[PDB]
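Participant: Protein chains in written order, with the authors' numbering: chain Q1, 1 to 11, 16 to 481; chain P9, 16 to 481; chain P8, 308 to 358; chain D4, 16 to 69, 104 to 313; chain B5, 109 to 162.
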């Protein structure tokens, strides 16, 4: 049927490495020049839908394990065999490992001014910033970039929320300084009941002085119409959304090995087909013979197999025998070559992502800290850059927080937040016995109650002190 | 690849015989340099960048692939990124420290570094050095009256040097293809900024008219430095990248792996071969997966004179196979050579001694340290110019006494080796070191409240008096 | 399943005989032992003569 | 398809990897820009008018390409062709608005304004004829803003000198006549000896829809017949096509503001 | 089922929301078609079943 009317009768590479994915949106005008000409934002939203959103969707599908091999049913077979399509979830293994290593251990804060330090700590506790940072670390690893949105809530509180990378983007000043001009969020509204055509994309445009709200749809060409009560002022003095990058190129951590994940999926599903579809072994019987299909059922329990060859009688009276034969045959495959190939794929996936190759690894002595810290040396080099870009983003978060605190006069205008020092610790495994011995040797001191709190054999770490006083008292007599 | 990476016109150093005035009056010569950059140097850089992004030749050279019914199975391995990230982290993963005898200069430097987040900036320059082999930084006095430092992309920046043996930098240029995200133009219009020792000149051009520089509105803009603001950093004397010399091996490995992936996709793993004159019912063949006995009854041929003879039946499994020995030895050689020529540890052929990470690392990275020490020399040579620019702008703004001199600063480099705080505390407190209780506590993460603990100790130490 | 049914040839005097069918995989190979020993010798000598 | 002779198309607009003579453009080197781009002259001279909705008319074109051509011969074809289409649109619009040529849909044009007001000078290019041409505008209180000319007549303009100041009235470097800028039209319809001038602020235009591009691998091109006469099916014939469309509107606010000089 | 064709000029300069405004009118026309088929055996009832027929 002509595919042009298959509408009428009811019936990877190209996304990840498109040159229009990973572009940075830049705009030549001022904020005012854009806001008076909102149509430009429609051009950017359309480019984001048609080019960037597909890449991000693919990288998400791989984190969720919906690899190409599961959905590409187009060329599969199922007339009587099983499908045996497979997905290996390397993407999740990789990302969870690399993020936990970076941000599994909370970022600490130091400052010379306790007033600022406590204002920071208060905001962090209110927003549960530890978990938030972990989820930015996760988007940094999956997508290569992550966004956070800060808003003064109706209950009059400064709240911080992660904004989805597949529906948020930012437009920058054209100059080498690249200030952000404006930031866009756009959600597909949907009901649960209809399978609706129109996404009726609600679009919120953030600017340095307020939020503008609009409605759009794709099919009218994303013509922005202001929503009722479109504008809403915010008390910051710069565009509230902040963007973080995984590296200079905003590349994800497994974006570059997806082709190897696909090859491993294909190889394993090929072996699973070979296993499913061929008979393991069979008893081959040759020659002109009478086999009763009722007698063949004894094959599992007979001890002697007797093959009597047909005797051919010649017209001149000669006699000759047919050639009977019998023996087992069994299927076989190139285990050496296929296992060496699959081992190479696995090894390369781990090598290019600096992730420890568990299949070819062994541990010695007892210090898990050092063997990790040596094996993760390749991973540390990348993480240190990621740490630089992360701090660069946290400084903007602090710049926003100080601005809102000052405009609410909850802190003195004299304060400066750029003095804060962000201290990072890796999530390497640690050894409290070795650390106590190293801290108490070399002149450390610990209070009895704290020392007791470190050891879990004390069932009542405080009651024990009273119980010790009783002994220490009767020892005086 | 080859024709772009090893072209004699790529990677050359631009020189000009005349003075800055001789150039500025004859701006057209800048047009010639721009054209030469576009036609020769840019392609090289673009190829190096594409390899850093993993868009290796094998992915884009679809020109000779097949896809009529088989899969494409093209592949890219990202060795370029693994290498560059490792080497760069080793060189600048640990911040450069600064020492000087005069605290006025030291704090002016530290103030500028902190304002500009120089730690991250330096790391980004080290990365550009690793991939492209050269890097550029631009320094400008901002509108808010602050000295700012920004990296300038290698694919759009270059410097024209004085012809004398000293090779002073005469002029720097930056040019960008300005575009909206809707239309397109055959006039590939480039905005061009020309930086001299006394100001920035702005122009407009396009390739199609032949790069005729036309001054932009408000073309000139003065700057208060006294030398051209752009600085160039080099990976080595030749300015060659780190994986630039092994790109051909990365290609060979891509090809070998995509070849094996084709062999895997396109040939059947195994089949039951049945020979001889026979009747096979295609409905019965489907029981092949679940039958136990295979019975082959040969055709009997009857001769006209009454003789009888049997056809030759046969049956057995056949399975595909390939030269695993030779292909794995070849691919292992390619992998080994890629790591050997880049001094990167060959993780596949690696063994570890005892527990002390640092000394074993300093053994295995001995070869990498030799190259890094040269890079360190060239990098300091660049930072000294950054300091010269900074002192000049500070003096012209009288933010510091004209009496000061910045060339005394000593730049101290540390490698990013793994370190062992427990071994170092033991080595520092043995041999007479001292530590304040609060600091010592701050080093160990089992203290949930590093300061409250001091109060709690005072309480215990007080009640111990009674 | 790969099924090969051989051609049956008929003689003018009525005799019948079968053609020889056959099937199997073939794979390329090279002297891995000798080439790797040779390239290993070249590498070793390049390092030895340059200490 | 399995066709070993290439497919003949009618009209022959489809791009193909294989020529009719069997030559195959493998490893084909990318063409180069032998000429500069020709910007729209009425978009340069005339006054832009903010316009919402549509009078407007729609320009459009479709470029079909054989996917063999798009894979082996020239992969980036559609990215490099987009501006050449935009040039084609600018030329069609300029030729319609200025010369009333190319089946212009508007009932308005400069050529029609001049033909209505009969503001035409018969004569060769001379300083006196240039002054008379300008005076045809200043008679009605309107002052000339620019000149429109066939570039091939600079050979005539260099021969005119002011006999008072005794210098060239035409600055061949500035490409300005009597101090007014001269724009060049490449179209073949404006003849060698013809020159046009006016107060182009009286010519108003609008663009309700900027040039929009859509690439499709599925449609049917009713307008392009296979050799057998069946319409081209892109999907079944393994073909790709680019659609471009634009909306332009033209208005002339005062049709006496334009004058033309023409050979006697 | 039903199909509504629209000229894109119409969908840009006349009725930006037209398809959004038709979806409830389509749901109404579908529900009515179903009711009149099943209850009254009207409108080319595809089912060999209906109240009026029983």
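Beta carbons: idealized from backbone N, C-alpha and C, even for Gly.
1) Can you check the region 200–229 of chain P9 for any beta strand (DSSP E) of at least 3 residues that lies completely inside it and give the ranges in chain order?
2) Run through DSSP, which three-state label would residue 291 (chain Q1) get?
3) Closest to residue 250 (chain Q1) by CA distance: which of 330 (chain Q1), 150 (chain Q1), 167 (chain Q1), 58 (chain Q1) is it?
4) Is the beta carbon of residue 257 (chain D4) sitting closer than 8 Å to the one on residue 68 (chain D4)?
5) Comparing C-alpha positions only, which one of 303 (chain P9), 27 (chain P9), 457 (chain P9), 228 (chain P9) sits nearest to residue 286 (chain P9)?
6) Out of 419 (chain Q1), 180 (chain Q1), 62 (chain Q1), state which residue places its alpha-carbon closest to the alpha-carbon of residue 117 (chain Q1).
7) Counting only beta-carbon atoms, is residue 132 (chain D4) nearer than 8 Å to chain A?
8) Quick one: what's residue 112 (chain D4) bridged to in DSSP?
9) Taking only three categories from DSSP, how would you classify residue 146 (chain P9)?
10) Determine, using beta carbons only, whether residue 211 (chain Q1) and residue 219 (chain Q1) come nearer to each other than 8 Å.
11) Just list the residues that DSSP pairs residue 234 (chain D4) with in beta bridges.
12) Do you know how far the Cα of residue 101 (chain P9) is from the Cα of residue 353 (chain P9)?
13) At 8 Å on the CB atoms, spell out the chain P9 contacts of residue 400 (chain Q1), in chain order.
14) Please return the same chain residues whose Cβ sits closer than 8 Å to the Cβ of residue 284 (chain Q1), not counting the five positions on each side in sequence.
15) Per DSSP, what kind of secondary structure is residue 43 (chain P9) in: helix, strand or coil?
16) Is the beta carbon of residue 258 (chain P9) closer than 8 Å to that of residue 402 (chain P9)?
17) What three-state label does DSSP hand residue 173 (chain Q1) in the structure shown?
18) Where does residue 91 (chain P9) land, buried or exposed, given buried means 16+ other C-beta within 10 angstroms?
19) For chain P8, check one thing: does any of its Cβ atoms lie closer than 8 Å to the Cβ of residue 348 (chain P9)?
20) Going by alpha carbons, who is nearest to residue 237 (chain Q1) out of 297 (chain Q1), 215 (chain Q1), 248 (chain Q1)?
21) How big is the Cα-Cα spacing for residue 463 (chain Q1) and residue 368 (chain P9)?
22) So residue 268 (chain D4) contacts chain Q1; which residues on that side make the cut at Cβ distance below 7 Å?
23) What are the boundary residues of the alpha helix (DSSP H) that residue 136 (chain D4) is part of?
24) Roughly how many whole angstroms lie between the Cα atoms of residue 376 (chain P9) and residue 465 (chain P9)?
25) Please look up how many angstroms separate the CB atoms of residue 405 (chain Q1) and residue 421 (chain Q1), rounded, as I've assumed it's under 8 Å.
26) Start and end of the beta strand (DSSP E) containing residue 331 (chain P9)?
27) Could you give the DSSP three-state label for residue 64 (chain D4): helix, strand or coil?
28) Would you mind telling me which residues of chain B5 sit closer than 7 Å to residue 223 (chain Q1), beta carbon to beta carbon, in chain order?
29) How about residue 255 (chain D4): is its C-beta nearer than 8 Å to some C-beta of chain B5?
30) Note down, in chain order, each residue of its chain lying with its Cβ closer than 8 Å to the Cβ of residue 10 (chain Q1), except the 5 sequence neighbours on either side.
31) Which residues mark the beginning and the end of the beta strand (DSSP E) in which residue 155 (chain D4) is found?
32) I'd like to know if residue 341 (chain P9) contacts chain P8, where contact means its C-beta is closer than 8 Å to some C-beta of that chain.
33) Identify the continuous alpha helix (DSSP H) that holds residue 400 (chain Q1) and give its terminal residues.
34) Assuming the contact rule is C-beta atoms closer than 8 Å, residue 390 (chain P9) and residue 106 (chain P9) should be a hit. Round their C-beta distance to whole Å, please.
35) Classify residue 381 (chain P9): buried if its beta carbon has 16 or more other beta carbons within 10 angstroms, exposed otherwise.
36) Looking at residue 325 (chain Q1): is its Cβ nearer than 8 Å to the Cβ of residue 317 (chain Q1)?
Facilitator: Put simply:
1) 204–210, 214–221
2) Along the first chain, read from residue 1 onward, the residue named residue 291 (chain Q1) stands at position 287. Correct three-state label for residue 291 (chain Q1): coil.
3) By 1-based counting over the first chain, the position of residue 250 (chain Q1) is 246. The candidate whose alpha carbon is nearest that of residue 250 (chain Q1) is 150 (chain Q1).
4) Taking the fourth chain and counting its residues from 1, the one referred to as residue 257 (chain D4) is at position 208. Taking the fourth chain and counting its residues from 1, the one referred to as residue 68 (chain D4) is at position 53. In this structure, residue 68 (chain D4) lies closer than 8 Å to residue 257 (chain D4) by Cβ.
5) Start at 1 with the first residue of the second chain, and residue 286 (chain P9) comes out as number 271. Ranking 303 (chain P9), 27 (chain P9), 457 (chain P9), 228 (chain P9) by Cα distance to residue 286 (chain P9) puts 303 (chain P9) first.
6) Start at 1 with the first residue of the first chain, and residue 117 (chain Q1) comes out as number 113. Measuring from the Cα of residue 117 (chain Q1), the nearest candidate turns out to be 419 (chain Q1).
7) Going by chain labels, chain A is absent from the structure shown, which instead holds the protein chains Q1, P9, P8, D4 and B5.
8) Within the fourth chain, the letter at position 63 stands for residue 112 (chain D4). Answer by DSSP bridge pairing, in chain order: 291 (chain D4).
9) Against the second chain, residue 146 (chain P9) aligns to sequence position 131. The answer is helix: DSSP assigns residue 146 (chain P9) an H, G or I state.
10) The residue given as residue 211 (chain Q1) occupies position 207 in the first chain. The residue given as residue 219 (chain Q1) occupies position 215 in the first chain. Contact flag unset, no.
11) In the fourth chain, counting from the first residue as 1, residue 234 (chain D4) sits at position 185. DSSP, once it has assigned bridges, lists no residue as partnering residue 234 (chain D4).
12) For the purposes of this step, residue 353 (chain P9) is identified with residue 338 of the second chain, where counting begins at 1. For the purposes of this step, residue 101 (chain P9) is identified with residue 86 of the second chain, where counting begins at 1. When the Cα atoms are used, residue 353 (chain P9) and residue 101 (chain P9) turn out to be separated by approximately 14 Å.
13) For the purposes of this step, residue 400 (chain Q1) is identified with residue 396 of the first chain, where counting begins at 1. The premise fails here: residue 400 (chain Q1) is roughly 11 Å from chain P9 at the closest Cβ pair, so nothing lies under 8 Å.
14) Within the first chain, residue 284 (chain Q1) is the residue found at index 280, counting from 1. These residues qualify, in order along the chain: 334, 335.
15) Reading the second chain from its first residue, position 28 is the one you call residue 43 (chain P9). Helix, per DSSP.
16) If you number the second chain from 1, residue 402 (chain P9) lands on position 387. If you number the second chain from 1, residue 258 (chain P9) lands on position 243. Cβ atoms of residue 402 (chain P9) and residue 258 (chain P9): not closer than 8 Å.
17) Position 169 of the first chain, counted from the start, is the residue given in the question as residue 173 (chain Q1). Correct three-state label for residue 173 (chain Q1): strand.
18) As a first step, residue 91 (chain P9) is located in the second chain; it is residue number 76 there, counting from the start. That one is buried.
19) As a working mapping, residue 348 (chain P9) is identified with position 333 in the second chain. So, interface residue.
20) For the purposes of this step, residue 237 (chain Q1) is identified with residue 233 of the first chain, where counting begins at 1. Ranking 297 (chain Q1), 215 (chain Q1), 248 (chain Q1) by Cα distance to residue 237 (chain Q1) puts 215 (chain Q1) first.
21) Taking the first residue of the first chain as position 1, residue 463 (chain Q1) is located at position 459. Taking the first residue of the second chain as position 1, residue 368 (chain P9) is located at position 353. Near 41 Å, if we compare the C-alpha coordinates of residue 368 (chain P9) and residue 463 (chain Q1).
22) To locate residue 268 (chain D4), count along the fourth chain from 1; it is residue 219. Neighbours of residue 268 (chain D4) on chain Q1, chain order: 4.
23) Here residue 136 (chain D4) corresponds to residue number 87 of the fourth chain, with the count starting at 1. Per DSSP, residue 136 (chain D4) is one residue of the alpha helix (DSSP H) stretching across 126–148.
24) Along the second chain, one-based indexing puts residue 376 (chain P9) at 361. Along the second chain, one-based indexing puts residue 465 (chain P9) at 450. Answer to the nearest angstrom: the Cα atoms are 33 Å apart.
25) To locate residue 405 (chain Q1), count along the first chain from 1; it is residue 401. To locate residue 421 (chain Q1), count along the first chain from 1; it is residue 417. Rounded to whole angstroms, the Cβ separation of residue 405 (chain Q1) and residue 421 (chain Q1) is 7 Å, and the two are in contact under 8 Å.
26) The sequence position of residue 331 (chain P9) within the second chain is 316, counting from 1. 329–334 is the extent of the beta strand (DSSP E) around residue 331 (chain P9).
27) Along the fourth chain, one-based indexing puts residue 64 (chain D4) at 49. Three-state DSSP puts residue 64 (chain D4) in coil, outside helix and strand.
28) Your numbering for residue 223 (chain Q1) matches position 219 in the first chain. Chain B5 residues near residue 223 (chain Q1): 119, 127.
29) Taking the first residue of the fourth chain as 1, we reach residue 255 (chain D4) at position 206. No, its Cβ sits nowhere closer than 8 Å to a Cβ of chain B5.
30) The residue you call residue 10 (chain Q1) lines up with position 10 of the first chain. Once the five neighbours on either side are set aside, residue 10 (chain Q1) has no close Cβ partner at all.
31) For the purposes of this step, residue 155 (chain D4) is taken as the residue at position 106 of the fourth chain. Looking at the DSSP string, residue 155 (chain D4) is not in any beta strand (DSSP E), and its letter there is neither H nor E.
32) Start at 1 with the first residue of the second chain, and residue 341 (chain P9) comes out as number 326. Yes, contact with chain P8.
33) As a working note, residue 400 (chain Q1) is residue 396 in the first chain. Unbroken alpha helix (DSSP H) run through residue 400 (chain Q1): 381–411.
34) Residue numbering aside, residue 390 (chain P9) sits at position 375 when the second chain is read from its first letter. Residue numbering aside, residue 106 (chain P9) sits at position 91 when the second chain is read from its first letter. About 6 Å; that satisfies the 8 Å criterion.
35) Within the second chain, the letter at position 366 stands for residue 381 (chain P9). Answer is exposed; the Cβ neighbour count stays below 16.
36) Numbered from 1 along the first chain, position 321 holds the residue referred to as residue 325 (chain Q1). Numbered from 1 along the first chain, position 313 holds the residue referred to as residue 317 (chain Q1). No, these two residues do not count as a Cβ contact at 8 Å.
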